$ cat upload_20.csv   # CSV, N, CA and C atoms and all ligand atoms
chain,number,residue,atom,x,y,z
F,1,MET,N,-23.4,14.0,2.7
F,1,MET,CA,-23.1,15.4,2.7
F,1,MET,C,-21.6,15.6,2.6
F,2,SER,N,-21.0,15.0,1.6
F,2,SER,CA,-19.5,15.2,1.4
F,2,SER,C,-19.2,15.5,-0.1
F,3,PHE,N,-18.0,16.1,-0.3
F,3,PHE,CA,-17.6,16.5,-1.6
F,3,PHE,C,-17.3,15.2,-2.5
F,4,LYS,N,-16.6,15.4,-3.6
F,4,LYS,CA,-16.2,14.3,-4.5
F,4,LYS,C,-15.3,14.8,-5.6
F,5,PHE,N,-14.5,13.9,-6.1
F,5,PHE,CA,-13.5,14.2,-7.1
F,5,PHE,C,-14.2,14.0,-8.5
F,6,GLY,N,-13.6,14.7,-9.5
F,6,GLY,CA,-14.1,14.6,-10.9
F,6,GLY,C,-14.1,13.1,-11.4
F,7,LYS,N,-14.6,12.9,-12.6
F,7,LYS,CA,-14.6,11.6,-13.2
F,7,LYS,C,-13.2,11.2,-13.6
F,8,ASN,N,-12.4,12.2,-14.1
F,8,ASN,CA,-11.1,11.9,-14.5
F,8,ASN,C,-10.1,11.9,-13.4
F,9,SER,N,-10.5,12.7,-12.3
F,9,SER,CA,-9.6,12.8,-11.1
F,9,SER,C,-9.9,11.6,-10.2
F,10,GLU,N,-11.1,11.2,-10.0
F,10,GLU,CA,-11.5,10.1,-9.2
F,10,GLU,C,-11.0,8.7,-9.8
F,11,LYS,N,-11.0,8.7,-11.1
F,11,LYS,CA,-10.5,7.5,-11.8
F,11,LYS,C,-9.0,7.2,-11.5
F,12,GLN,N,-8.3,8.3,-11.2
F,12,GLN,CA,-6.9,8.2,-10.9
F,12,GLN,C,-6.7,7.4,-9.6
F,13,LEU,N,-7.3,7.8,-8.5
F,13,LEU,CA,-7.2,7.1,-7.2
F,13,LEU,C,-8.1,5.8,-7.2
F,14,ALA,N,-9.1,5.8,-8.0
F,14,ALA,CA,-10.0,4.6,-8.1
F,14,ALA,C,-9.3,3.5,-8.9
F,15,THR,N,-8.2,3.8,-9.6
F,15,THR,CA,-7.5,2.8,-10.4
F,15,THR,C,-6.5,2.1,-9.5
F,16,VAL,N,-6.3,2.6,-8.3
F,16,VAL,CA,-5.4,2.0,-7.3
F,16,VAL,C,-6.0,0.7,-6.7
F,17,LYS,N,-5.2,-0.3,-6.5
F,17,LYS,CA,-5.6,-1.5,-5.9
F,17,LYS,C,-5.3,-1.5,-4.4
F,18,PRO,N,-4.3,-0.7,-4.0
F,18,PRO,CA,-3.9,-0.5,-2.6
F,18,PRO,C,-4.9,0.1,-1.7
F,19,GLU,N,-4.6,0.3,-0.4
F,19,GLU,CA,-5.5,0.9,0.5
F,19,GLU,C,-5.6,2.4,0.3
F,20,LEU,N,-4.7,2.9,-0.5
F,20,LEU,CA,-4.6,4.3,-0.7
F,20,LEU,C,-6.0,4.9,-1.1
F,21,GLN,N,-6.7,4.1,-1.9
F,21,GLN,CA,-8.1,4.5,-2.4
F,21,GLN,C,-8.9,4.8,-1.2
F,22,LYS,N,-8.7,4.2,0.0
F,22,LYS,CA,-9.4,4.5,1.2
F,22,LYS,C,-9.1,5.9,1.7
F,23,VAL,N,-7.8,6.1,2.1
F,23,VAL,CA,-7.4,7.4,2.6
F,23,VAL,C,-7.7,8.5,1.6
F,24,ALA,N,-7.7,8.2,0.3
F,24,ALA,CA,-8.0,9.2,-0.7
F,24,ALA,C,-9.4,9.7,-0.6
F,25,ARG,N,-10.3,8.7,-0.7
F,25,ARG,CA,-11.8,9.0,-0.7
F,25,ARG,C,-12.2,9.4,0.7
F,26,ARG,N,-11.9,8.5,1.6
F,26,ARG,CA,-12.3,8.7,3.0
F,26,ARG,C,-11.9,10.1,3.5
F,27,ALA,N,-10.8,10.6,2.9
F,27,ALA,CA,-10.3,11.9,3.3
F,27,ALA,C,-11.4,13.0,3.2
F,28,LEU,N,-12.1,13.0,2.1
F,28,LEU,CA,-13.1,14.0,1.9
F,28,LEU,C,-14.2,13.8,3.0
F,29,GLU,N,-14.3,12.6,3.5
F,29,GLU,CA,-15.3,12.2,4.5
F,29,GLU,C,-14.8,12.5,5.9
F,30,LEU,N,-13.6,12.9,6.0
F,30,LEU,CA,-13.0,13.3,7.3
F,30,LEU,C,-12.1,14.5,7.2
F,31,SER,N,-12.3,15.3,6.2
F,31,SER,CA,-11.6,16.5,6.0
F,31,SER,C,-12.4,17.8,5.9
F,32,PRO,N,-12.0,18.9,6.6
F,32,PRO,CA,-12.7,20.1,6.6
F,32,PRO,C,-12.7,20.8,5.3
F,33,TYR,N,-11.6,20.9,4.7
F,33,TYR,CA,-11.5,21.6,3.4
F,33,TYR,C,-11.7,20.6,2.2
F,34,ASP,N,-11.7,21.1,1.0
F,34,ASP,CA,-12.0,20.3,-0.2
F,34,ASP,C,-10.7,20.0,-0.9
F,35,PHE,N,-10.6,18.9,-1.7
F,35,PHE,CA,-9.4,18.6,-2.4
F,35,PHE,C,-9.7,17.5,-3.5
F,36,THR,N,-8.9,17.5,-4.5
F,36,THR,CA,-9.1,16.5,-5.6
F,36,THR,C,-7.8,16.0,-6.1
F,37,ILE,N,-7.8,14.7,-6.5
F,37,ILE,CA,-6.6,14.0,-7.0
F,37,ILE,C,-6.4,14.3,-8.4
F,38,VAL,N,-5.1,14.6,-8.8
F,38,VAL,CA,-4.8,14.9,-10.2
F,38,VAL,C,-3.9,13.8,-10.8
F,39,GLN,N,-2.8,13.5,-10.1
F,39,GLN,CA,-1.9,12.4,-10.6
F,39,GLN,C,-2.3,11.1,-10.0
F,40,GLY,N,-2.2,10.0,-10.8
F,40,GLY,CA,-2.5,8.7,-10.3
F,40,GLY,C,-1.4,7.7,-10.7
F,41,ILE,N,-1.4,6.5,-10.0
F,41,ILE,CA,-0.5,5.5,-10.3
F,41,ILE,C,-0.8,4.8,-11.6
F,42,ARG,N,0.3,4.3,-12.3
F,42,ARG,CA,0.1,3.6,-13.6
F,42,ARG,C,-0.1,2.1,-13.4
F,43,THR,N,-0.2,1.4,-14.5
F,43,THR,CA,-0.4,0.0,-14.5
F,43,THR,C,0.4,-0.7,-15.6
F,44,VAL,N,0.2,-2.1,-15.7
F,44,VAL,CA,0.9,-2.8,-16.7
F,44,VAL,C,0.7,-2.3,-18.1
F,45,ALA,N,-0.5,-1.7,-18.3
F,45,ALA,CA,-0.8,-1.1,-19.5
F,45,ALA,C,0.1,0.0,-20.0
F,46,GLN,N,0.9,0.5,-19.0
F,46,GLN,CA,1.8,1.6,-19.2
F,46,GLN,C,3.3,1.0,-19.1
F,47,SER,N,3.5,0.2,-18.2
F,47,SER,CA,4.8,-0.4,-18.0
F,47,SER,C,5.2,-1.4,-19.1
F,48,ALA,N,4.2,-2.3,-19.4
F,48,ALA,CA,4.4,-3.3,-20.5
F,48,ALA,C,4.8,-2.6,-21.8
F,49,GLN,N,3.9,-1.7,-22.2
F,49,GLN,CA,4.2,-1.0,-23.5
F,49,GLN,C,5.5,-0.2,-23.4
F,50,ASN,N,5.8,0.3,-22.3
F,50,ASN,CA,7.1,1.1,-22.1
F,50,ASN,C,8.3,0.2,-22.4
F,51,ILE,N,8.5,-0.9,-21.7
F,51,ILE,CA,9.6,-1.8,-21.9
F,51,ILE,C,9.2,-3.0,-22.8
F,52,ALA,N,8.3,-3.8,-22.2
F,52,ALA,CA,7.8,-5.0,-22.9
F,52,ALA,C,8.9,-6.0,-23.0
F,53,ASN,N,9.4,-6.5,-21.9
F,53,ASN,CA,10.4,-7.5,-21.9
F,53,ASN,C,10.7,-8.0,-20.5
F,54,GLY,N,9.6,-8.0,-19.6
F,54,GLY,CA,9.7,-8.5,-18.3
F,54,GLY,C,10.5,-7.6,-17.4
F,55,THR,N,10.7,-6.3,-17.9
F,55,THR,CA,11.4,-5.3,-17.1
F,55,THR,C,12.6,-5.9,-16.3
F,56,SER,N,13.7,-6.2,-17.0
F,56,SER,CA,14.9,-6.8,-16.4
F,56,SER,C,15.8,-5.7,-15.9
F,57,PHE,N,15.3,-4.5,-15.7
F,57,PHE,CA,16.0,-3.4,-15.2
F,57,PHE,C,15.8,-3.2,-13.7
F,58,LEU,N,14.9,-4.0,-13.1
F,58,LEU,CA,14.6,-4.0,-11.7
F,58,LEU,C,14.4,-5.4,-11.1
F,59,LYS,N,14.4,-5.5,-9.8
F,59,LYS,CA,14.2,-6.8,-9.2
F,59,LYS,C,13.2,-6.7,-8.1
F,60,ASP,N,13.2,-5.6,-7.3
F,60,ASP,CA,12.3,-5.4,-6.2
F,60,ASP,C,12.5,-4.0,-5.6
F,61,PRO,N,12.3,-3.0,-6.4
F,61,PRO,CA,12.5,-1.6,-5.9
F,61,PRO,C,11.4,-1.1,-5.0
F,62,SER,N,11.4,0.2,-4.7
F,62,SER,CA,10.3,0.7,-3.8
F,62,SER,C,9.2,1.3,-4.6
F,63,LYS,N,8.3,2.1,-3.9
F,63,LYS,CA,7.2,2.7,-4.5
F,63,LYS,C,7.5,4.1,-5.0
F,64,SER,N,8.8,4.3,-5.4
F,64,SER,CA,9.2,5.6,-5.9
F,64,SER,C,8.4,6.0,-7.1
F,65,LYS,N,8.5,5.2,-8.2
F,65,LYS,CA,7.8,5.5,-9.4
F,65,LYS,C,6.3,5.1,-9.3
F,66,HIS,N,5.4,5.9,-9.9
F,66,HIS,CA,4.0,5.7,-9.9
F,66,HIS,C,3.6,4.4,-10.4
F,67,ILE,N,4.6,3.8,-11.2
F,67,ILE,CA,4.3,2.5,-11.8
F,67,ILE,C,4.2,1.4,-10.8
F,68,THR,N,4.6,1.7,-9.6
F,68,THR,CA,4.5,0.7,-8.5
F,68,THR,C,3.0,0.5,-8.0
F,69,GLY,N,2.2,1.5,-8.3
F,69,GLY,CA,0.8,1.3,-8.0
F,69,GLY,C,0.4,2.1,-6.7
F,70,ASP,N,1.4,2.8,-6.1
F,70,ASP,CA,1.2,3.5,-4.9
F,70,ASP,C,1.7,5.0,-5.1
F,71,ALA,N,0.8,5.9,-5.2
F,71,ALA,CA,1.2,7.3,-5.4
F,71,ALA,C,0.1,8.1,-6.0
F,72,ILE,N,-0.2,9.3,-5.5
F,72,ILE,CA,-1.2,10.2,-6.0
F,72,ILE,C,-0.9,11.6,-5.7
F,73,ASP,N,-1.0,12.5,-6.7
F,73,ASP,CA,-0.7,13.9,-6.6
F,73,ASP,C,-2.0,14.7,-6.7
F,74,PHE,N,-2.5,15.2,-5.5
F,74,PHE,CA,-3.7,15.9,-5.4
F,74,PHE,C,-3.4,17.4,-5.3
F,75,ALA,N,-4.5,18.2,-5.2
F,75,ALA,CA,-4.3,19.7,-5.0
F,75,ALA,C,-5.5,20.2,-4.2
F,76,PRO,N,-5.2,21.3,-3.5
F,76,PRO,CA,-6.2,22.0,-2.6
F,76,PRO,C,-7.2,22.7,-3.4
F,77,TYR,N,-8.4,22.1,-3.5
F,77,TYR,CA,-9.5,22.7,-4.2
F,77,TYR,C,-10.4,23.5,-3.3
F,78,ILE,N,-10.8,24.7,-3.7
F,78,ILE,CA,-11.7,25.6,-3.0
F,78,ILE,C,-12.8,26.2,-3.8
F,79,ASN,N,-14.0,26.2,-3.3
F,79,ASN,CA,-15.2,26.8,-4.0
F,79,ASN,C,-15.4,26.0,-5.3
F,80,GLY,N,-15.0,24.8,-5.4
F,80,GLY,CA,-15.2,23.9,-6.6
F,80,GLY,C,-14.1,24.2,-7.6
F,81,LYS,N,-13.0,24.9,-7.2
F,81,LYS,CA,-11.9,25.2,-8.1
F,81,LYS,C,-10.6,25.2,-7.4
F,82,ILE,N,-9.5,24.8,-8.0
F,82,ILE,CA,-8.2,24.8,-7.4
F,82,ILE,C,-7.9,26.1,-6.8
F,83,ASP,N,-7.3,26.1,-5.6
F,83,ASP,CA,-6.9,27.3,-4.9
F,83,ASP,C,-5.4,27.3,-4.6
F,84,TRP,N,-4.7,28.3,-5.0
F,84,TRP,CA,-3.3,28.4,-4.7
F,84,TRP,C,-3.0,29.6,-3.8
F,85,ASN,N,-4.0,30.3,-3.4
F,85,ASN,CA,-3.9,31.5,-2.6
F,85,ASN,C,-4.0,31.2,-1.1
F,86,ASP,N,-5.1,30.4,-0.8
F,86,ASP,CA,-5.3,30.1,0.6
F,86,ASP,C,-4.3,29.1,1.1
F,87,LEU,N,-3.2,29.6,1.7
F,87,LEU,CA,-2.1,28.8,2.2
F,87,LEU,C,-2.7,27.9,3.3
F,88,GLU,N,-3.3,28.5,4.4
F,88,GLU,CA,-3.8,27.8,5.5
F,88,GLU,C,-4.7,26.6,5.0
F,89,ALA,N,-5.5,26.9,3.9
F,89,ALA,CA,-6.4,25.9,3.4
F,89,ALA,C,-5.7,24.6,3.1
F,90,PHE,N,-4.4,24.7,2.8
F,90,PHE,CA,-3.6,23.5,2.5
F,90,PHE,C,-3.3,22.7,3.7
F,91,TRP,N,-3.2,23.4,4.8
F,91,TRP,CA,-2.9,22.8,6.1
F,91,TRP,C,-3.9,21.8,6.5
F,92,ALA,N,-5.2,22.2,6.5
F,92,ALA,CA,-6.3,21.4,6.8
F,92,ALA,C,-6.4,20.2,5.8
F,93,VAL,N,-6.0,20.5,4.6
F,93,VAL,CA,-6.1,19.4,3.6
F,93,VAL,C,-4.9,18.5,3.6
F,94,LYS,N,-3.9,18.9,4.3
F,94,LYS,CA,-2.7,18.1,4.5
F,94,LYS,C,-2.9,16.9,5.4
F,95,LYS,N,-3.4,17.2,6.6
F,95,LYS,CA,-3.7,16.2,7.6
F,95,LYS,C,-4.9,15.4,7.2
F,96,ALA,N,-5.7,15.9,6.3
F,96,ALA,CA,-6.9,15.3,5.8
F,96,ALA,C,-6.6,13.8,5.4
F,97,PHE,N,-5.4,13.6,4.8
F,97,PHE,CA,-5.0,12.2,4.4
F,97,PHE,C,-4.6,11.4,5.6
F,98,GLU,N,-3.6,11.9,6.4
F,98,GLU,CA,-3.0,11.2,7.5
F,98,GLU,C,-4.2,11.0,8.6
F,99,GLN,N,-5.2,11.8,8.5
F,99,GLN,CA,-6.3,11.7,9.4
F,99,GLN,C,-7.2,10.5,9.1
F,100,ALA,N,-7.3,10.2,7.8
F,100,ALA,CA,-8.1,9.0,7.3
F,100,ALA,C,-7.4,7.7,7.8
F,101,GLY,N,-6.1,7.6,7.6
F,101,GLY,CA,-5.5,6.3,8.0
F,101,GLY,C,-5.7,6.0,9.5
F,102,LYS,N,-6.0,7.0,10.3
F,102,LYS,CA,-6.3,6.8,11.7
F,102,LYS,C,-7.5,5.9,11.9
F,103,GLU,N,-8.6,6.3,11.2
F,103,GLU,CA,-9.9,5.6,11.3
F,103,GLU,C,-9.8,4.3,10.5
F,104,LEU,N,-9.1,4.3,9.4
F,104,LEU,CA,-8.9,3.1,8.5
F,104,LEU,C,-8.0,2.1,9.1
F,105,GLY,N,-7.1,2.6,10.0
F,105,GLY,CA,-6.1,1.7,10.6
F,105,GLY,C,-4.9,1.6,9.8
F,106,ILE,N,-4.9,2.2,8.6
F,106,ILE,CA,-3.7,2.1,7.8
F,106,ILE,C,-2.8,3.3,7.9
F,107,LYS,N,-1.6,3.1,7.5
F,107,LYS,CA,-0.6,4.2,7.6
F,107,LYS,C,-0.2,4.7,6.2
F,108,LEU,N,0.0,6.0,6.0
F,108,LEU,CA,0.3,6.6,4.8
F,108,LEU,C,1.1,7.9,5.0
F,109,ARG,N,1.9,8.3,4.0
F,109,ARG,CA,2.7,9.6,4.1
F,109,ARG,C,2.7,10.3,2.8
F,110,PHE,N,2.7,11.6,2.9
F,110,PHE,CA,2.7,12.5,1.7
F,110,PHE,C,3.7,13.5,1.8
F,111,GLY,N,4.1,14.1,0.6
F,111,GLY,CA,5.2,15.1,0.6
F,111,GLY,C,4.6,16.4,0.1
F,112,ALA,N,4.8,17.4,0.9
F,112,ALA,CA,4.4,18.8,0.6
F,112,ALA,C,4.7,19.8,1.7
F,113,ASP,N,5.8,19.6,2.4
F,113,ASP,CA,6.3,20.4,3.5
F,113,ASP,C,7.7,20.8,3.4
F,114,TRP,N,8.1,21.9,3.8
F,114,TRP,CA,9.5,22.4,3.8
F,114,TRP,C,10.4,21.3,4.4
F,115,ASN,N,9.9,20.5,5.3
F,115,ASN,CA,10.7,19.4,5.9
F,115,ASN,C,11.6,18.8,4.9
F,116,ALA,N,11.0,18.3,3.8
F,116,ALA,CA,11.8,17.6,2.8
F,116,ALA,C,11.6,18.2,1.4
F,117,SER,N,10.3,18.4,1.1
F,117,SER,CA,9.9,19.0,-0.2
F,117,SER,C,10.7,20.3,-0.5
F,118,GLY,N,11.2,20.9,0.6
F,118,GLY,CA,12.0,22.1,0.4
F,118,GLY,C,11.2,23.4,0.7
F,119,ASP,N,9.9,23.3,0.5
F,119,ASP,CA,9.0,24.5,0.7
F,119,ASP,C,7.6,24.1,0.4
F,120,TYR,N,6.7,24.9,1.1
F,120,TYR,CA,5.2,24.6,0.9
F,120,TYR,C,4.5,25.9,1.1
F,121,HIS,N,5.1,27.1,0.9
F,121,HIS,CA,4.5,28.4,1.1
F,121,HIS,C,4.3,29.1,-0.2
F,122,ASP,N,5.3,29.0,-1.0
F,122,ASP,CA,5.3,29.6,-2.3
F,122,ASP,C,5.3,28.6,-3.5
F,123,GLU,N,5.6,27.4,-3.1
F,123,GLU,CA,5.6,26.3,-4.1
F,123,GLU,C,4.3,26.2,-4.9
F,124,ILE,N,3.2,26.5,-4.2
F,124,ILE,CA,1.9,26.5,-4.8
F,124,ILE,C,1.8,27.4,-6.0
F,125,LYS,N,2.6,28.4,-6.1
F,125,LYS,CA,2.7,29.3,-7.2
F,125,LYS,C,3.0,28.5,-8.5
F,126,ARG,N,3.6,27.3,-8.3
F,126,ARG,CA,4.0,26.5,-9.5
F,126,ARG,C,2.7,26.1,-10.2
F,127,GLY,N,1.6,26.0,-9.6
F,127,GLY,CA,0.4,25.5,-10.2
F,127,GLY,C,0.1,24.1,-10.0
F,128,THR,N,1.0,23.4,-9.3
F,128,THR,CA,0.9,21.9,-9.1
F,128,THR,C,1.1,21.6,-7.6
F,129,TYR,N,1.3,22.7,-6.8
F,129,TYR,CA,1.5,22.5,-5.4
F,129,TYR,C,2.9,21.9,-5.1
F,130,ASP,N,3.7,21.7,-6.2
F,130,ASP,CA,5.0,21.2,-6.1
F,130,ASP,C,5.1,20.1,-5.0
F,131,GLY,N,4.1,19.2,-5.0
F,131,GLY,CA,4.1,18.2,-3.9
F,131,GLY,C,2.8,17.4,-3.9
F,132,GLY,N,2.1,17.5,-2.8
F,132,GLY,CA,0.8,16.8,-2.6
F,132,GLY,C,0.9,15.4,-3.1
F,133,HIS,N,2.0,14.8,-2.9
F,133,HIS,CA,2.2,13.4,-3.3
F,133,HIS,C,2.1,12.4,-2.1
F,134,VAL,N,1.1,11.6,-2.1
F,134,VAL,CA,0.9,10.7,-1.0
F,134,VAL,C,1.4,9.3,-1.3
F,135,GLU,N,1.5,8.4,-0.3
F,135,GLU,CA,1.9,7.1,-0.6
F,135,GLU,C,1.5,6.2,0.6
F,136,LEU,N,0.9,5.0,0.3
F,136,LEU,CA,0.5,4.1,1.3
F,136,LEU,C,1.7,3.4,1.9
F,137,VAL,N,1.5,3.0,3.2
F,137,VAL,CA,2.6,2.3,3.9
F,137,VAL,C,2.9,0.9,3.2
P,1,CA,CA,8.0,16.0,2.4
P,2,ZN,ZN,4.3,12.8,-8.1
$ encode --input "upload_20.csv" --output "structure tokens" --more "lines below"
Ligand SMILES: [Ca+2]
Ligand SMILES: [Zn+2]
Amino acid sequence: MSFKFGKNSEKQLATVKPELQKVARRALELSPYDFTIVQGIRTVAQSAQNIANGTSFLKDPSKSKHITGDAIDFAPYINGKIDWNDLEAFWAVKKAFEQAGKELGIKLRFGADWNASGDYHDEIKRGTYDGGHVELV
């Protein structure tokens, strides 16, 4: 008796090899509100074609770029459709992720609060939540 992400949306988080796939899916299993992933991490199929030379521009960076395999941009979905009006609805969906890592035992962090994101009250008007970017520990 739980929601689920679309075929194109689920494939985004389902393409991740990290534990993120857990907090992502498990979220809907431990979250009051509904939500779906839109942006997903890339793979060699994207990095290789991009450069194609052993990427000699890096040595051991962080998970900043989605090419690292850790990162997902979701959005607050309501009534089976994206919702940018229900502000509070985003609150319950925010902890939805950090709430999963608790039972999973893993740690993860996402960006979508004035704390650093700069804002999370009117940013939704952008149509992309100007955030909702999570990342596994
Ligand atoms: Ca933030
Ligand atoms: Zn992003």
$ closest_residue --input "upload_20.csv" --among "F:32, F:87, F:67, F:1" --to "residue 55 of chain F" --atoms "only C-alpha atoms"
F:67
$ closest_residue --input "upload_20.csv" --among "F:108, F:93, F:137, F:124" --to "residue 28 of chain F" --atoms "only C-alpha atoms"
F:93
$ closest_residue --input "upload_20.csv" --among "F:118, F:6, F:69, F:61" --to "residue 135 of chain F" --atoms "only C-alpha atoms"
F:69
$ residues_near_ligand --input "upload_20.csv" --ligand "ligand ZN 2 (chain P)" --cutoff "8 Å" --atoms "only C-alpha atoms and all ligand atoms" --output "list in words"
residues 39, 66, 71, 72, 73, 131, 132 and 133 of chain F
$ residues_near_ligand --input "upload_20.csv" --ligand "ligand CA 1 (chain P)" --cutoff "6 Å" --atoms "only N, CA and C atoms and all ligand atoms" --output "JSON, numbers by chain"
{"F": [110, 111, 112, 113, 115, 116, 117]}
$ residues_around --input "upload_20.csv" --residues "residue 18 of chain F" --least-positions-apart "3" --cutoff "9 Å" --atoms "only C-alpha atoms" --output "PyMOL selection string"
chain F and resi 21-22+69-70+136
$ write_last_selection --input "upload_20.csv" --atoms "N, CA and C atoms" --output "mmCIF file, keeping the file's coordinate frame"
data_model
loop_
_atom_site.group_PDB
_atom_site.id
_atom_site.type_symbol
_atom_site.label_atom_id
_atom_site.label_comp_id
_atom_site.auth_asym_id
_atom_site.auth_seq_id
_atom_site.Cartn_x
_atom_site.Cartn_y
_atom_site.Cartn_z
ATOM 1 N N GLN F 21 -6.700 4.100 -1.900
ATOM 2 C CA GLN F 21 -8.100 4.500 -2.400
ATOM 3 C C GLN F 21 -8.900 4.800 -1.200
ATOM 4 N N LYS F 22 -8.700 4.200 0.000
ATOM 5 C CA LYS F 22 -9.400 4.500 1.200
ATOM 6 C C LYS F 22 -9.100 5.900 1.700
ATOM 7 N N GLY F 69 2.200 1.500 -8.300
ATOM 8 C CA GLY F 69 0.800 1.300 -8.000
ATOM 9 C C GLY F 69 0.400 2.100 -6.700
ATOM 10 N N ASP F 70 1.400 2.800 -6.100
ATOM 11 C CA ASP F 70 1.200 3.500 -4.900
ATOM 12 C C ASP F 70 1.700 5.000 -5.100
ATOM 13 N N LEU F 136 0.900 5.000 0.300
ATOM 14 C CA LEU F 136 0.500 4.100 1.300
ATOM 15 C C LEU F 136 1.700 3.400 1.900
#
$ atom_distance --input "upload_20.csv" --atom1 "atom C of residue 75 of chain F" --atom2 "atom N of residue 35 of chain F"
5.8 Å
$ atom_distance --input "upload_20.csv" --atom1 "atom CA of residue 54 of chain F" --atom2 "atom CA of residue 17 of chain F"
20.9 Å
$ closest_residue --input "upload_20.csv" --among "F:13, F:101, F:34, F:5" --to "residue 86 of chain F" --atoms "only C-alpha atoms"
F:34
$ closest_residue --input "upload_20.csv" --among "F:25, F:109, F:65, F:126" --to "residue 4 of chain F" --atoms "all atoms listed in the file"
F:25
$ atom_distance --input "upload_20.csv" --atom1 "atom CA of residue 24 of chain F" --atom2 "atom CA of residue 79 of chain F"
19.3 Å
$ residues_near_point --input "upload_20.csv" --point "(-13.7, 20.2, 5.0)" --cutoff "12 Å" --atoms "only C-alpha atoms" --output "VMD selection string"
chain F and resid 1 to 4 26 to 35 76 to 79 89 to 97
$ closest_residue --input "upload_20.csv" --among "F:50, F:85, F:128, F:99" --to "residue 23 of chain F" --atoms "only N, CA and C atoms"
F:99
$ select_by_dssp --input "upload_20.csv" --residues "segment 57-92 of chain F" --states "strand (DSSP E or B)" --output "list in words"
residues 72, 73, 74, 75, 76, 77, 78, 81 and 82 of chain F
$ select_by_dssp --input "upload_20.csv" --residues "segment 18-124 of chain F" --states "helix (DSSP H, G or I)" --output "PyMOL selection string"
chain F and resi 20-29+44-50+66-68+87-104+123-124
